[PDB]
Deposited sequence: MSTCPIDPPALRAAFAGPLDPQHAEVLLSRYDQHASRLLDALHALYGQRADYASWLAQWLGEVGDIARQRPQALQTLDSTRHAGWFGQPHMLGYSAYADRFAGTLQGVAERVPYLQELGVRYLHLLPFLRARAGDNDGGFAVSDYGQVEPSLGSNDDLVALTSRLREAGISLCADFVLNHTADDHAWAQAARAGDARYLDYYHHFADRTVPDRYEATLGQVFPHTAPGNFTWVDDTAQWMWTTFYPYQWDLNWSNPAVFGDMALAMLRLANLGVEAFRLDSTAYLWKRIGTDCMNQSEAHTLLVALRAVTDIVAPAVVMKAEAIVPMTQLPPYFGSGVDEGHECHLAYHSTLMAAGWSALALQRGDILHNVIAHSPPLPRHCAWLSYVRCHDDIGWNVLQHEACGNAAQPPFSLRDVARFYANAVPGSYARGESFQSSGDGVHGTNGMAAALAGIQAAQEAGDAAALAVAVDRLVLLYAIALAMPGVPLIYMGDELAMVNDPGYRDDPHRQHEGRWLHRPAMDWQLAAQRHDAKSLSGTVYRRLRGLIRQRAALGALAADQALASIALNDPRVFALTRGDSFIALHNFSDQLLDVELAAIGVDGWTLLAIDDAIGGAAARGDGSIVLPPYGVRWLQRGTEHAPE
């Protein structure tokens, strides 16, 4: 290639008053971007022409980045998202406040809770009719009309930015809705856009792939195109063909346009399936990581204030690659979801076994520089127990455990369970944190004692997430202990999707009740706030500080350490017990032997 010609193509559209800083970043990161793209598309005859054209488009979008954001790009330090004050919140814009303008007016609520990172679930234009809660995207560059306009998105991010909140948006880059403009153009016979997807005339090629592919069929017959379209998920979601550079180019531009609208974090959905190769399982392929490296390089150049987050619900042993492998470590995703920890938390609770958490943390891969975890208790999906398959087999320190038993416990399919979840290998579990922790059952039985204990269980699980390196993510309503919403059952087109059980509309009346320390919502809210408050004052919890676990011979306890000055002790049983200091080498001070009441948690500055 001809580097100067490529650099010139990029520099062209830039504003001479902002060319210097941008070009400086281009000079240090462009080579990595080019190596990645060459590895993926370099053999194409159209490569050089496509590249020169795309870089020009990239430069033009770079120029359009609002000054306030360009300033953010220049002042924000790497690793910012892993600082102690970072606290996350995940919610649907419509369920939270109806529309984007509604969300903006509720920012004070988010500020009071200490939120500094807001994940709004799919808010871009989605497929007409069924669209899987917005995950079948029809336009990556426009907000769903029922939620507002792009102007409202800009007004929202500006307002959030003022309150010190970073917006995370989903970027469903593996597939689009089958009514996306590219899909419609394909349906109309435009070969150019038909090639943006994986299409086949007969089952000839599809079968070869199927031979090695795994069930999530993987193809859906479409009459309008008269071909089998690759559809890893719902039949109305067509997998994009990332082997086509035009697809990479247009999706990178879409990402940047979203960043220019104020999006600071990207949840990269279904990245494991980005690359297709016959003979393989077409999952977690080397090329998929190369795509993410290329996308990361683009942000490093154009919008370095932004972070890339891997949405790959897999065992923590398959997560390191997302932070970049080998020479590219630190040059891919900044964040990854610690699903193993999440599932382990619930398993440990149900089984009253802290040794399961010791196992998870003791084996948690150390975070690469400027990388961190997203820790959570619940989310918009069912709890996927299968991620714990490996841990469930046990090891030298932790005896095996039954994921089937854990799932049955939470589905209240076994006698003495306090859980009120619903079953969705081992089937996942739907239900809200308060419903799974025993709060719902205690309220339905008017049992005041069982309720207080249930509150302890809920707080315990969040305390664990809050002590982790990265961003602890609260699922909307957990801070008020909201329970299940069975309303979808009595609904037209929703009774088929069991996950709505844990996708309630925000209860603002309940939200106002947080000012009442004697109420349930207020009690939960107050205890979570206390943990958030303490977390923010502990430099030892920053993402660049070590994470480890001290092995204890009492299986009911879990000791998590951060750096060399912080220790968090947890009692996962319903019994009062104690931890001998001479077992964790301590004698420090208590934050906000050691006796732990049932389901108790204690934070200590061992130094």
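- Annotation: deposited residues 1-5, 222-227, 436-440, 609-623, 639-644 are not represented by C-alpha coordinates in the model.
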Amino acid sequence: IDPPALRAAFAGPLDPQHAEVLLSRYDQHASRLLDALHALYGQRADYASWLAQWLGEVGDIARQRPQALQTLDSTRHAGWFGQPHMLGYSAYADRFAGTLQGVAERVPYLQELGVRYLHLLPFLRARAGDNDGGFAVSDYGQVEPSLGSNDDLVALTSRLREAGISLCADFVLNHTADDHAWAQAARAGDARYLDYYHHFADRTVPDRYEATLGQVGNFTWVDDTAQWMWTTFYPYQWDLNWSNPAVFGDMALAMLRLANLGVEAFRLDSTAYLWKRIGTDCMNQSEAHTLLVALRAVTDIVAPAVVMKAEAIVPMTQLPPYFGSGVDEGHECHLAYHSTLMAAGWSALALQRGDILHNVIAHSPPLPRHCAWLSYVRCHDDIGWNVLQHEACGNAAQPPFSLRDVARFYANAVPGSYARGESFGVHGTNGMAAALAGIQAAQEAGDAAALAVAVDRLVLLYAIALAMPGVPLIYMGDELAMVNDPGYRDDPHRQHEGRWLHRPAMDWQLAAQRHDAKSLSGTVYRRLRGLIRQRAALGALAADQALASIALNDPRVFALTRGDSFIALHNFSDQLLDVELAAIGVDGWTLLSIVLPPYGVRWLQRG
From here on, numbers count along this sequence of modelled residues.
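- Of the two segments examined, 245-253 and 393-401, it is 393-401 that shows the higher average Cα temperature factor in the deposited entry.
- Comparing 375-383 with 445-453, the stretch with the higher mean C-alpha B-factor in the PDB entry is 445-453.
- Per the deposited coordinates, the residue with the largest Cα temperature factor out of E580, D35, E57, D27 is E580.
- Listed residues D179, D151, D73, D130 were ranked by CA B-factor as deposited; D130 comes out on top.
- Annotation for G425: CA B-factor lies in the highest third of the chain's modelled residues.
- Ranked by C-alpha B-factor against the other modelled residues of its chain, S49 falls in the highest third.
- Sorting the modelled residues of the chain by their CA temperature factor places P304 in the lowest third.
- Ranked within its chain, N571 lands in the middle third, by CA B factor from the PDB record.
- When the modelled residues of the chain are ordered by their C-alpha B factor, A185 lands in the middle third.
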